[PDB]
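Engineer: Supplied structure: protein_2.cif, mmCIF, N, CA and C atoms.
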```
data_target
#
loop_
_atom_site.label_atom_id
_atom_site.label_comp_id
_atom_site.auth_asym_id
_atom_site.auth_seq_id
_atom_site.Cartn_x
_atom_site.Cartn_y
_atom_site.Cartn_z
N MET A 1 132.23 43.13 90.40
CA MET A 1 131.34 42.94 91.53
C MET A 1 131.92 43.58 92.79
N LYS A 2 131.44 44.78 93.11
CA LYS A 2 131.95 45.54 94.24
C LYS A 2 130.81 45.92 95.17
N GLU A 3 131.14 46.09 96.45
CA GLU A 3 130.17 46.35 97.50
C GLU A 3 130.07 47.84 97.78
N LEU A 4 128.84 48.32 97.96
CA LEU A 4 128.57 49.69 98.36
C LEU A 4 128.24 49.73 99.84
N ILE A 5 128.93 50.59 100.59
CA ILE A 5 128.59 50.80 101.99
C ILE A 5 127.41 51.75 102.05
N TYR A 6 126.79 51.85 103.22
CA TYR A 6 125.69 52.78 103.45
C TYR A 6 126.02 53.65 104.64
N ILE A 7 125.89 54.96 104.47
CA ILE A 7 126.17 55.93 105.53
C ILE A 7 124.84 56.38 106.12
N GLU A 8 124.72 56.25 107.44
CA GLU A 8 123.47 56.57 108.11
C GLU A 8 123.13 58.05 107.95
N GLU A 9 121.84 58.33 107.83
CA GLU A 9 121.39 59.70 107.60
C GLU A 9 121.68 60.57 108.82
N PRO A 10 122.26 61.75 108.64
CA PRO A 10 122.50 62.64 109.78
C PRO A 10 121.20 63.25 110.28
N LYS A 11 121.28 63.85 111.46
CA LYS A 11 120.12 64.43 112.12
C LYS A 11 120.39 65.89 112.46
N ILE A 12 119.32 66.69 112.43
CA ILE A 12 119.40 68.10 112.76
C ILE A 12 118.66 68.34 114.06
N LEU A 13 119.03 69.42 114.75
CA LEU A 13 118.57 69.69 116.11
C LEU A 13 117.55 70.82 116.08
N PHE A 14 116.30 70.48 116.36
CA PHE A 14 115.20 71.43 116.42
C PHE A 14 114.93 71.85 117.87
N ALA A 15 113.81 72.54 118.08
CA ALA A 15 113.45 73.03 119.40
C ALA A 15 113.19 71.88 120.37
N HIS A 16 113.24 72.21 121.66
CA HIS A 16 113.04 71.27 122.76
C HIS A 16 114.11 70.19 122.81
N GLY A 17 115.23 70.41 122.13
CA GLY A 17 116.29 69.42 122.09
C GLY A 17 116.03 68.25 121.17
N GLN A 18 114.94 68.27 120.42
CA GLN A 18 114.54 67.14 119.61
C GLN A 18 115.33 67.08 118.31
N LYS A 19 115.42 65.88 117.75
CA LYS A 19 116.17 65.63 116.53
C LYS A 19 115.24 65.08 115.46
N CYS A 20 115.63 65.28 114.20
CA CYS A 20 114.87 64.77 113.07
C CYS A 20 115.79 64.75 111.85
N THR A 21 115.28 64.17 110.76
CA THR A 21 116.02 64.10 109.51
C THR A 21 115.55 65.10 108.48
N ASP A 22 114.27 65.47 108.49
CA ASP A 22 113.70 66.42 107.55
C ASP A 22 113.40 67.72 108.27
N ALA A 23 113.79 68.84 107.65
CA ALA A 23 113.56 70.14 108.26
C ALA A 23 112.07 70.46 108.34
N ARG A 24 111.31 70.10 107.30
CA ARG A 24 109.87 70.35 107.31
C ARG A 24 109.17 69.53 108.39
N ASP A 25 109.64 68.31 108.64
CA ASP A 25 109.04 67.47 109.66
C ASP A 25 109.51 67.82 111.07
N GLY A 26 110.57 68.60 111.20
CA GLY A 26 111.04 69.01 112.51
C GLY A 26 110.48 70.36 112.91
N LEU A 27 110.34 71.26 111.93
CA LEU A 27 109.76 72.57 112.21
C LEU A 27 108.27 72.47 112.50
N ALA A 28 107.56 71.60 111.77
CA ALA A 28 106.12 71.47 111.95
C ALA A 28 105.78 70.76 113.25
N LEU A 29 106.68 69.92 113.76
CA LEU A 29 106.42 69.16 114.98
C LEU A 29 106.95 69.85 116.22
N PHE A 30 108.21 70.29 116.19
CA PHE A 30 108.88 70.83 117.37
C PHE A 30 109.04 72.35 117.33
N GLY A 31 109.63 72.89 116.27
CA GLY A 31 109.77 74.32 116.14
C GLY A 31 111.20 74.78 115.95
N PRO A 32 111.38 76.07 115.69
CA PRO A 32 112.73 76.61 115.50
C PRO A 32 113.52 76.65 116.80
N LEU A 33 114.85 76.70 116.65
CA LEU A 33 115.73 76.67 117.81
C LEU A 33 115.49 77.87 118.72
N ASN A 34 115.74 79.07 118.21
CA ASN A 34 115.55 80.30 118.96
C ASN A 34 114.30 81.01 118.47
N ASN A 35 113.69 81.79 119.36
CA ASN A 35 112.43 82.46 119.07
C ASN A 35 112.65 83.96 118.93
N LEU A 36 112.04 84.55 117.92
CA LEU A 36 111.88 85.99 117.82
C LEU A 36 110.40 86.33 117.93
N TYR A 37 110.13 87.62 118.13
CA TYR A 37 108.77 88.05 118.44
C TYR A 37 107.95 88.39 117.21
N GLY A 38 108.59 88.70 116.09
CA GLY A 38 107.86 89.01 114.88
C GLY A 38 108.80 89.54 113.83
N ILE A 39 108.30 89.58 112.60
CA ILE A 39 109.05 90.06 111.45
C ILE A 39 108.38 91.35 110.98
N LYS A 40 109.10 92.46 111.09
CA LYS A 40 108.64 93.75 110.59
C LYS A 40 109.15 93.90 109.16
N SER A 41 108.26 93.76 108.19
CA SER A 41 108.64 93.64 106.79
C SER A 41 108.56 94.99 106.10
N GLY A 42 109.64 95.36 105.42
CA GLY A 42 109.65 96.49 104.52
C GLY A 42 109.50 96.03 103.09
N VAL A 43 108.78 96.82 102.30
CA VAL A 43 108.47 96.48 100.91
C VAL A 43 108.87 97.65 100.04
N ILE A 44 109.40 97.36 98.85
CA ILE A 44 109.71 98.38 97.86
C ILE A 44 109.15 97.95 96.51
N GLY A 45 108.46 98.86 95.84
CA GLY A 45 108.00 98.60 94.50
C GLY A 45 106.72 99.37 94.21
N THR A 46 106.09 98.99 93.10
CA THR A 46 104.84 99.62 92.70
C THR A 46 103.70 99.18 93.61
N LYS A 47 102.61 99.95 93.56
CA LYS A 47 101.45 99.63 94.39
C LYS A 47 100.87 98.27 94.04
N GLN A 48 100.97 97.86 92.77
CA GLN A 48 100.56 96.51 92.39
C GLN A 48 101.43 95.47 93.07
N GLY A 49 102.74 95.72 93.15
CA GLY A 49 103.62 94.81 93.86
C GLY A 49 103.29 94.70 95.33
N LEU A 50 102.98 95.84 95.96
CA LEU A 50 102.57 95.82 97.36
C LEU A 50 101.27 95.04 97.54
N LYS A 51 100.32 95.22 96.62
CA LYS A 51 99.07 94.46 96.69
C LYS A 51 99.32 92.97 96.58
N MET B 1 101.04 148.45 136.75
CA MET B 1 100.95 147.04 137.10
C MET B 1 100.38 146.26 135.91
N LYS B 2 101.15 145.30 135.42
CA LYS B 2 100.88 144.66 134.14
C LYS B 2 100.03 143.40 134.31
N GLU B 3 99.49 142.92 133.19
CA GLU B 3 98.60 141.77 133.16
C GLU B 3 99.29 140.59 132.49
N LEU B 4 98.73 139.40 132.72
CA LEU B 4 99.22 138.16 132.14
C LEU B 4 98.11 137.49 131.34
N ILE B 5 98.51 136.57 130.47
CA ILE B 5 97.59 135.78 129.67
C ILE B 5 97.95 134.31 129.84
N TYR B 6 96.93 133.46 129.98
CA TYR B 6 97.12 132.03 130.17
C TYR B 6 96.99 131.30 128.84
N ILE B 7 97.88 130.34 128.62
CA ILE B 7 97.88 129.49 127.44
C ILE B 7 97.54 128.08 127.89
N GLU B 8 96.49 127.51 127.30
CA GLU B 8 96.01 126.21 127.73
C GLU B 8 97.06 125.13 127.49
N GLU B 9 97.09 124.15 128.39
CA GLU B 9 98.05 123.06 128.28
C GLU B 9 97.75 122.21 127.06
N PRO B 10 98.74 121.95 126.20
CA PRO B 10 98.49 121.13 125.01
C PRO B 10 98.22 119.68 125.38
N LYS B 11 97.53 118.99 124.48
CA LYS B 11 97.20 117.58 124.65
C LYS B 11 97.95 116.76 123.61
N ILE B 12 98.63 115.71 124.06
CA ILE B 12 99.33 114.80 123.17
C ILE B 12 98.40 113.64 122.86
N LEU B 13 98.72 112.91 121.79
CA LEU B 13 97.86 111.88 121.26
C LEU B 13 98.46 110.50 121.52
N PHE B 14 97.59 109.52 121.78
CA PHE B 14 98.01 108.17 122.13
C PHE B 14 97.21 107.14 121.35
N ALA B 15 97.30 105.88 121.74
CA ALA B 15 96.58 104.83 121.04
C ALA B 15 95.07 105.06 121.12
N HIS B 16 94.36 104.55 120.12
CA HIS B 16 92.91 104.67 119.99
C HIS B 16 92.46 106.12 119.83
N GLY B 17 93.37 107.01 119.41
CA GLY B 17 93.02 108.41 119.23
C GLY B 17 92.62 109.11 120.50
N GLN B 18 93.27 108.78 121.61
CA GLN B 18 92.92 109.32 122.92
C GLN B 18 93.92 110.41 123.31
N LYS B 19 93.41 111.57 123.68
CA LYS B 19 94.23 112.71 124.04
C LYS B 19 94.42 112.79 125.55
N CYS B 20 95.59 113.29 125.95
CA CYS B 20 95.91 113.46 127.36
C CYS B 20 97.01 114.50 127.48
N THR B 21 97.20 114.99 128.70
CA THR B 21 98.25 115.96 128.99
C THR B 21 99.52 115.31 129.51
N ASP B 22 99.40 114.24 130.28
CA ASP B 22 100.55 113.54 130.84
C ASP B 22 100.92 112.36 129.95
N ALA B 23 102.18 112.31 129.54
CA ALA B 23 102.64 111.19 128.72
C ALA B 23 102.56 109.88 129.48
N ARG B 24 102.94 109.89 130.76
CA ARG B 24 102.95 108.67 131.55
C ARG B 24 101.54 108.10 131.72
N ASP B 25 100.57 108.96 132.04
CA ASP B 25 99.20 108.49 132.20
C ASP B 25 98.62 107.99 130.88
N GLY B 26 98.84 108.74 129.80
CA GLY B 26 98.34 108.30 128.50
C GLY B 26 98.93 106.97 128.08
N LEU B 27 100.22 106.76 128.35
CA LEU B 27 100.84 105.47 128.07
C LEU B 27 100.26 104.38 128.95
N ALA B 28 100.00 104.68 130.22
CA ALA B 28 99.47 103.67 131.14
C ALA B 28 98.07 103.22 130.74
N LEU B 29 97.19 104.17 130.41
CA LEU B 29 95.80 103.80 130.12
C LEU B 29 95.64 103.21 128.72
N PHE B 30 96.06 103.95 127.69
CA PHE B 30 95.80 103.57 126.31
C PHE B 30 96.98 102.84 125.68
N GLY B 31 98.15 103.46 125.67
CA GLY B 31 99.33 102.81 125.15
C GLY B 31 99.92 103.52 123.94
N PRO B 32 101.01 102.98 123.41
CA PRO B 32 101.68 103.63 122.28
C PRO B 32 100.90 103.47 120.99
N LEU B 33 101.20 104.35 120.04
CA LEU B 33 100.59 104.26 118.71
C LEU B 33 101.14 103.06 117.94
N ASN B 34 102.45 102.83 118.02
CA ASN B 34 103.06 101.73 117.30
C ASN B 34 102.75 100.39 117.96
N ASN B 35 103.00 99.32 117.21
CA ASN B 35 102.86 97.95 117.71
C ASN B 35 104.19 97.23 117.46
N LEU B 36 105.13 97.40 118.38
CA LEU B 36 106.35 96.61 118.33
C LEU B 36 106.05 95.20 118.80
N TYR B 37 106.71 94.22 118.18
CA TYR B 37 106.52 92.84 118.61
C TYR B 37 107.40 92.49 119.80
N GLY B 38 108.59 93.06 119.86
CA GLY B 38 109.48 92.82 120.98
C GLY B 38 110.80 93.51 120.72
N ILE B 39 111.59 93.62 121.78
CA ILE B 39 112.90 94.27 121.73
C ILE B 39 113.96 93.21 121.97
N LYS B 40 114.87 93.06 121.01
CA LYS B 40 116.03 92.19 121.15
C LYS B 40 117.23 93.05 121.50
N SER B 41 117.82 92.79 122.66
CA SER B 41 118.83 93.65 123.25
C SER B 41 120.20 93.00 123.18
N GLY B 42 121.21 93.80 122.82
CA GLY B 42 122.60 93.39 122.86
C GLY B 42 123.33 94.15 123.95
N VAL B 43 123.98 93.40 124.84
CA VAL B 43 124.62 93.95 126.03
C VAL B 43 126.12 93.82 125.88
N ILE B 44 126.84 94.91 126.17
CA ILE B 44 128.29 94.95 126.09
C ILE B 44 128.83 95.40 127.44
N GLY B 45 129.81 94.69 127.95
CA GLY B 45 130.42 95.04 129.22
C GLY B 45 130.94 93.81 129.91
N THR B 46 131.52 94.04 131.09
CA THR B 46 132.02 92.95 131.91
C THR B 46 130.87 92.06 132.36
N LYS B 47 131.23 90.91 132.95
CA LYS B 47 130.21 89.99 133.44
C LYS B 47 129.36 90.61 134.54
N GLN B 48 129.97 91.45 135.38
CA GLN B 48 129.20 92.18 136.39
C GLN B 48 128.20 93.12 135.73
N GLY B 49 128.60 93.78 134.65
CA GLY B 49 127.67 94.63 133.92
C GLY B 49 126.50 93.86 133.34
N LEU B 50 126.78 92.68 132.77
CA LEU B 50 125.71 91.85 132.24
C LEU B 50 124.76 91.40 133.35
N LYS B 51 125.31 91.01 134.50
CA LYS B 51 124.46 90.63 135.62
C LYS B 51 123.60 91.79 136.09
#
```
Represent the structure contained in this file as structure tokens.

Structural biologist:
Amino acid sequence: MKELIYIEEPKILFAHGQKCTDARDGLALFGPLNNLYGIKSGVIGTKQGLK
Amino acid sequence: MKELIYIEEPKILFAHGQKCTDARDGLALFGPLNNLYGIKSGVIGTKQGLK
């Protein structure tokens, strides 16, 4: 008969200085830490792959 | 006494397929062909240089 301790869940730091436990719940509510203007995507492969 | 021949000024191409002779004016009215989202700049130098 032994006792288990409980360690409190850590928190991550999203935009606006806000904190949360789930990344999906912090990104959808507050946003990413730093902002970029867009993603210029390069693609390699067959035309079917590009489609 | 010799003669000369005139060569018409060429026209450069800009956004929306608009032709012009001056690059500055064509950029001012219509704009570039490309669509950059933004420029992320890295600065190297002393603190006075960064300022």

Engineer: Any idea what's packed within 6 Å of stretch 31-47 of chain A, counting only C-alpha atoms, ignoring anything in its chain fewer than 4 positions away? Could you give it as a VMD selection string?

Structural biologist: (chain A and resid 14 to 15 27) or (chain B and resid 37 to 38)

Engineer: Mind dumping the selected residues with N, CA and C atoms as a short mmCIF file (atom, residue, chain, number, x, y, z; two decimals), in the coordinates of the input?

Structural biologist:
```
data_model
loop_
_atom_site.label_atom_id
_atom_site.label_comp_id
_atom_site.auth_asym_id
_atom_site.auth_seq_id
_atom_site.Cartn_x
_atom_site.Cartn_y
_atom_site.Cartn_z
N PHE A 14 116.30 70.48 116.36
CA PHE A 14 115.20 71.43 116.42
C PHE A 14 114.93 71.85 117.87
N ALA A 15 113.81 72.54 118.08
CA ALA A 15 113.45 73.03 119.40
C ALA A 15 113.19 71.88 120.37
N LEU A 27 110.34 71.26 111.93
CA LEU A 27 109.76 72.57 112.21
C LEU A 27 108.27 72.47 112.50
N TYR B 37 106.71 94.22 118.18
CA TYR B 37 106.52 92.84 118.61
C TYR B 37 107.40 92.49 119.80
N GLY B 38 108.59 93.06 119.86
CA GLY B 38 109.48 92.82 120.98
C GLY B 38 110.80 93.51 120.72
#
```

Engineer: Would you please extract all alpha helix (DSSP H) residues from chain A, as assigned by DSSP on the backbone, and give them as a PyMOL selection string?

Structural biologist: chain A and resi 23-27+47-50

Engineer: Where's the centre, and what are the edge lengths in Å to one decimal, of a box along x, y and z enclosing all listed atoms of stretch 27-37 of chain B padded 3 Å per side, as lines of an AutoDock Vina configuration file?

Structural biologist:
```
center_x = 101.5
center_y = 99.6
center_z = 124.2
size_x = 17.8
size_y = 20.3
size_z = 19.9
```

Engineer: Go ahead and align chain B to chain A (same sequence, so just pair every C-alpha in order, least squares) and export the moved chain as a short mmCIF file (atom, residue, chain, number, x, y, z; two decimals) with N, CA and C atoms, keeping the file's coordinate frame.

Structural biologist:
```cif
data_model
loop_
_atom_site.label_atom_id
_atom_site.label_comp_id
_atom_site.auth_asym_id
_atom_site.auth_seq_id
_atom_site.Cartn_x
_atom_site.Cartn_y
_atom_site.Cartn_z
N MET B 1 133.07 42.39 90.57
CA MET B 1 131.85 43.07 90.97
C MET B 1 132.03 43.66 92.37
N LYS B 2 131.88 44.97 92.47
CA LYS B 2 132.29 45.72 93.66
C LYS B 2 131.14 45.87 94.65
N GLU B 3 131.49 46.27 95.87
CA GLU B 3 130.54 46.40 96.97
C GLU B 3 130.35 47.87 97.32
N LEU B 4 129.26 48.14 98.05
CA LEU B 4 128.93 49.48 98.51
C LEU B 4 128.81 49.49 100.03
N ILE B 5 128.87 50.68 100.60
CA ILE B 5 128.71 50.89 102.03
C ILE B 5 127.66 51.98 102.24
N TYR B 6 126.78 51.77 103.21
CA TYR B 6 125.71 52.71 103.52
C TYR B 6 126.12 53.62 104.66
N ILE B 7 125.80 54.90 104.52
CA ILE B 7 126.05 55.92 105.53
C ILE B 7 124.70 56.38 106.06
N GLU B 8 124.51 56.28 107.37
CA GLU B 8 123.23 56.59 107.97
C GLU B 8 122.87 58.06 107.77
N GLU B 9 121.58 58.32 107.60
CA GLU B 9 121.11 59.69 107.40
C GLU B 9 121.33 60.52 108.65
N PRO B 10 121.95 61.69 108.54
CA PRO B 10 122.18 62.52 109.72
C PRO B 10 120.88 63.09 110.26
N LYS B 11 120.90 63.43 111.54
CA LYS B 11 119.75 64.02 112.22
C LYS B 11 120.08 65.46 112.60
N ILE B 12 119.18 66.38 112.26
CA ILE B 12 119.33 67.78 112.62
C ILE B 12 118.57 68.01 113.92
N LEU B 13 118.89 69.12 114.59
CA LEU B 13 118.38 69.40 115.91
C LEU B 13 117.38 70.55 115.86
N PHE B 14 116.35 70.48 116.71
CA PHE B 14 115.27 71.45 116.72
C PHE B 14 114.96 71.88 118.15
N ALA B 15 113.84 72.57 118.34
CA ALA B 15 113.47 73.03 119.67
C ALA B 15 113.27 71.85 120.62
N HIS B 16 113.48 72.10 121.90
CA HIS B 16 113.35 71.11 122.97
C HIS B 16 114.36 69.98 122.83
N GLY B 17 115.45 70.20 122.08
CA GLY B 17 116.46 69.17 121.90
C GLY B 17 115.96 67.95 121.18
N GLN B 18 115.09 68.13 120.19
CA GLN B 18 114.47 67.02 119.48
C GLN B 18 115.14 66.85 118.11
N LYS B 19 115.57 65.64 117.82
CA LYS B 19 116.26 65.32 116.58
C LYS B 19 115.29 64.78 115.54
N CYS B 20 115.59 65.08 114.27
CA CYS B 20 114.78 64.61 113.16
C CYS B 20 115.62 64.65 111.90
N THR B 21 115.14 63.97 110.87
CA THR B 21 115.81 63.95 109.57
C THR B 21 115.26 64.98 108.61
N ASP B 22 113.96 65.25 108.66
CA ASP B 22 113.33 66.22 107.78
C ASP B 22 113.22 67.57 108.48
N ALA B 23 113.73 68.61 107.84
CA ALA B 23 113.64 69.95 108.41
C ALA B 23 112.20 70.40 108.53
N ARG B 24 111.38 70.12 107.51
CA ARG B 24 110.00 70.56 107.52
C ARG B 24 109.20 69.91 108.65
N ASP B 25 109.37 68.59 108.83
CA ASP B 25 108.65 67.91 109.90
C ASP B 25 109.12 68.37 111.28
N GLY B 26 110.44 68.50 111.46
CA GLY B 26 110.95 68.97 112.74
C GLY B 26 110.46 70.37 113.07
N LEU B 27 110.39 71.25 112.07
CA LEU B 27 109.83 72.58 112.28
C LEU B 27 108.35 72.51 112.61
N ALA B 28 107.61 71.63 111.94
CA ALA B 28 106.17 71.52 112.18
C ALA B 28 105.86 71.03 113.59
N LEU B 29 106.56 69.99 114.04
CA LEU B 29 106.23 69.42 115.35
C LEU B 29 106.78 70.25 116.51
N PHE B 30 108.09 70.50 116.52
CA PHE B 30 108.75 71.13 117.65
C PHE B 30 108.93 72.62 117.45
N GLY B 31 109.60 73.02 116.38
CA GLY B 31 109.76 74.43 116.09
C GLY B 31 111.22 74.88 116.09
N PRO B 32 111.44 76.16 115.82
CA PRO B 32 112.82 76.66 115.75
C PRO B 32 113.46 76.77 117.12
N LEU B 33 114.79 76.81 117.12
CA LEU B 33 115.54 77.01 118.36
C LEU B 33 115.37 78.44 118.88
N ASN B 34 115.42 79.42 117.98
CA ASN B 34 115.30 80.81 118.38
C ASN B 34 113.86 81.17 118.74
N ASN B 35 113.71 82.31 119.40
CA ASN B 35 112.40 82.86 119.74
C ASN B 35 112.35 84.30 119.21
N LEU B 36 112.01 84.44 117.93
CA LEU B 36 111.76 85.77 117.39
C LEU B 36 110.40 86.25 117.88
N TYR B 37 110.31 87.55 118.14
CA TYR B 37 109.03 88.11 118.56
C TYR B 37 108.13 88.42 117.37
N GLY B 38 108.72 88.84 116.26
CA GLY B 38 107.95 89.12 115.07
C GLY B 38 108.87 89.68 114.00
N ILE B 39 108.36 89.70 112.78
CA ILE B 39 109.10 90.19 111.62
C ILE B 39 108.43 91.45 111.13
N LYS B 40 109.18 92.55 111.09
CA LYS B 40 108.73 93.80 110.51
C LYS B 40 109.31 93.92 109.11
N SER B 41 108.44 94.00 108.12
CA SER B 41 108.82 93.90 106.72
C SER B 41 108.70 95.24 106.03
N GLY B 42 109.70 95.57 105.20
CA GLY B 42 109.68 96.73 104.34
C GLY B 42 109.58 96.30 102.89
N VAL B 43 108.57 96.83 102.20
CA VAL B 43 108.24 96.43 100.83
C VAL B 43 108.56 97.57 99.89
N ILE B 44 109.25 97.25 98.79
CA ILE B 44 109.63 98.22 97.78
C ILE B 44 109.10 97.75 96.44
N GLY B 45 108.45 98.63 95.71
CA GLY B 45 107.92 98.30 94.40
C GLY B 45 106.70 99.13 94.10
N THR B 46 106.15 98.89 92.91
CA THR B 46 104.93 99.56 92.49
C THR B 46 103.78 99.16 93.40
N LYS B 47 102.65 99.88 93.24
CA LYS B 47 101.47 99.57 94.04
C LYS B 47 100.95 98.16 93.78
N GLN B 48 101.05 97.70 92.53
CA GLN B 48 100.69 96.32 92.21
C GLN B 48 101.59 95.34 92.95
N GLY B 49 102.88 95.64 93.04
CA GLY B 49 103.78 94.79 93.80
C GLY B 49 103.43 94.73 95.28
N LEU B 50 103.08 95.88 95.86
CA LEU B 50 102.67 95.91 97.25
C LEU B 50 101.39 95.10 97.46
N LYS B 51 100.43 95.23 96.55
CA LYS B 51 99.21 94.44 96.66
C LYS B 51 99.49 92.95 96.56
#
```

Engineer: Name the residues of chain A that fall into strand (DSSP E) according to DSSP on the backbone, using the chain letters and numbers of this document, as a ChimeraX atom specification.

Structural biologist: /A:12-13,19-20

Engineer: Rounded to one decimal place, report the atom C of residue B:10-atom C of residue B:25 distance in Å.

Structural biologist: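 Computing the Euclidean distance for atom C of residue B:10 and atom C of residue B:25 yields 12.9 Å.
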